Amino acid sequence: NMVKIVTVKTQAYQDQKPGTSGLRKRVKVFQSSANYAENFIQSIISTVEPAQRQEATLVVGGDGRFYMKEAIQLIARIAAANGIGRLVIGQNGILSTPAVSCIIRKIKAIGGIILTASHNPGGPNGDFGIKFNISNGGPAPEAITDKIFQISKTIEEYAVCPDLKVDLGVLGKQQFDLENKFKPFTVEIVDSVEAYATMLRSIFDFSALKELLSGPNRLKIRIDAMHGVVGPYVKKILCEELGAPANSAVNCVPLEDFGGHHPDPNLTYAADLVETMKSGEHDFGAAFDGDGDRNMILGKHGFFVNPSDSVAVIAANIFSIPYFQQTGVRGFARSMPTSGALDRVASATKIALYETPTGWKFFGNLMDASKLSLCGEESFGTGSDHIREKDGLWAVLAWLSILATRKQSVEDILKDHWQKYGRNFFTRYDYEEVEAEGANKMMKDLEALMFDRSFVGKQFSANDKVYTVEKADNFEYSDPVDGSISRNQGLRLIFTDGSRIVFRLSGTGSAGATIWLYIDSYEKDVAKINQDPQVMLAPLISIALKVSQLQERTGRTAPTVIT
C-alpha cells in the first residue's frame, strides 16, 4: 500500500526507436538486457511535462503475449514514481489496440502504452512490442517518437517504485501511497471488453444483429481470434450479448504464445478457419491479428473477400450501419497500394476519395479534420473515425450489419458489387529477404525508365489485352492538414483502363529488404469479372516483371508470398 520512490542508475541503449508501430524486439532482448524495458518506459514518461503528470491518466494494456504482465508491472512502478496520477489498465492486462484507443478518447487520457507486437509471434522465444498512443487515441507521431528515441539514447537514471505491485486480476481502484508524496497513485482495473462493447453498442444496431445471429434461421459464423487479444471481445459481444452460439468463437482464449503460431490473418496463417469454412456449413468467417486492428473476411465455402474489396463493399452499403446514418459519410480513404475498388464507389456516390501513403497518420489527420469516415488498406486493415486505430472486430460487425440488410450471401454481395462497379482484380506479391543493393538498383532503374518523356503513352500487350501508360511516377503526398510532404512513397504505373502496377521497397533489415509488388487489374466485362484472379492478373504481372527486370536484378523467379 505504501511504497518508496528510488532512483536507479542505468546505461542507455542505442536502438530503442519507437517507430510507427512501437518498439519491437525479441522477448529475450527485453529479458537479457538490464533495464531495457525500464529505460524505454522512462523515456516515454519523460515526454510528459512534470506539471501535467499528476492530473494525467495513461491507458495501459496489451495483447496477452508472453512478458506482457511483467511489462505492465514495470510501467506501473515507473509511472507512479514519475508522478503520473493514474493508470487505467484492462483486467489481466488485456486490452485490444482498438479498446485502448476507445478508452483514451472516452476518458480523455493523455495517451496509452500498448503491449503488443501485433501479428508478430509471441512466447518465450517470440517478439515483444511497446507502443505509445497519444491523447487523440492514436499512434504517437514522429515528433514524439523522435523525442522518446533521443531521451532513450542518453538516459542515465530512471525513477521507480520497486515494491509496488498491481493486482491485474481484480476489478476496481487500487491506491498506492508514495513515500513523501502528498497525492496517491491510482490504478483502475477495468473489464477488458466493457467500454469497447458499449462503443460498438452505439455504433451498430445490436437488436438487428441479435436477430441475425440467434435462432434456427440464423446466419452461421466462425470468428477466429487466432489465440490473440480479440478472443474475449468475440465471446462477450458476439456470443453472450448478440447470441451467436458459443462455437462461433474460434481460438478465442488469449494465449501467451498465440498457440505457437503467428496471429496474422490471411489464407495460410488462418488456414484452419479457411478449412472450416470450406465445409459449406457456415455463412461468414473472419480472422483477427494479435492486437485486433486487422481482419480477414470469408464467405461460404471459404470465399475470400480481399481487403481492398472489403472496404469498397462497406462503402457501398455504409448506411446499413447506424453510426454513418447519423454522422454522414465525411470521406473515404485508402492507402495508395490498395486497389481502386473503393474509388469506384466514391466516384459513383460522389464522396471524396483520399489516396494516402502507407501509414496511419494520413488517415488520422483526415479524420481529425472531419474529412474521413471509412478507410481501408490492402494489408487486411479497415477502420472508421469511431477511434484512431484500425478495428478488426468493428469491420466484422460492419459486415454483419450489411448481411442483415442485404439478406444475401457474402459471395452474392461481391458478385453484385463487381457487376455494378466493375471488378478490381488485386494481388500483392512479396519478395522477402532480397539483397537490398540489387533491390534498390531495381527501383532506381525503373523510376528512371518511368521518368522519361516517352514512357507515358507506351503500350504493353499480353495476351488479348493492350495496356497504355497513362501516368508513371514516384508517389508523393502533400498532407492537407499538417503540411508535410511525403516523397518516394512507391512507383506507380497507371494505365488508361483503370489498372495499376505499384512497386514499393521496404527498409533494409538484417536479412535484406522486402519488395512489395501490387497488381490492380480493372475489368468491367461480365465474362471477365467472375474469372480466377491470378489468371486475370497474369498479363499485368508479366508486364510488371518485364518492365522492372525484377528477375534479372534480384534472382527471384517467384514471389515469397502471394496474397
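The numbering used is simple: start at 1 and walk along the sequence shown.
Mean CA temperature factor is higher for 473-481 when stretches 337-345 and 473-481 are set side by side in the entry.
When the mean C-alpha temperature factors of 432-440 and 454-462 are read from the deposited coordinates, 454-462 comes out higher. Of the residues listed, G381, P322, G280, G292, the entry assigns the biggest Cα temperature factor to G280. Taking the deposited Cα B-factors for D257, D191, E275, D205, the highest one is held by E275. In the deposited entry, the Cα temperature factor of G392 sits in the bottom third of values across the chain's modelled residues. For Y67, the recorded CA B-factor ranks within the middle third of the chain. Only modelled residues enter the ranking. In this PDB entry, the Cα temperature factor of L550 sits in the bottom third of its chain's modelled residues, the lowest group. When all modelled residues of the chain are sorted by CA temperature factor, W516 is found within the lowest third. In this PDB entry, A12 carries a Cα temperature factor that places it within the highest third of its chain's modelled residues.
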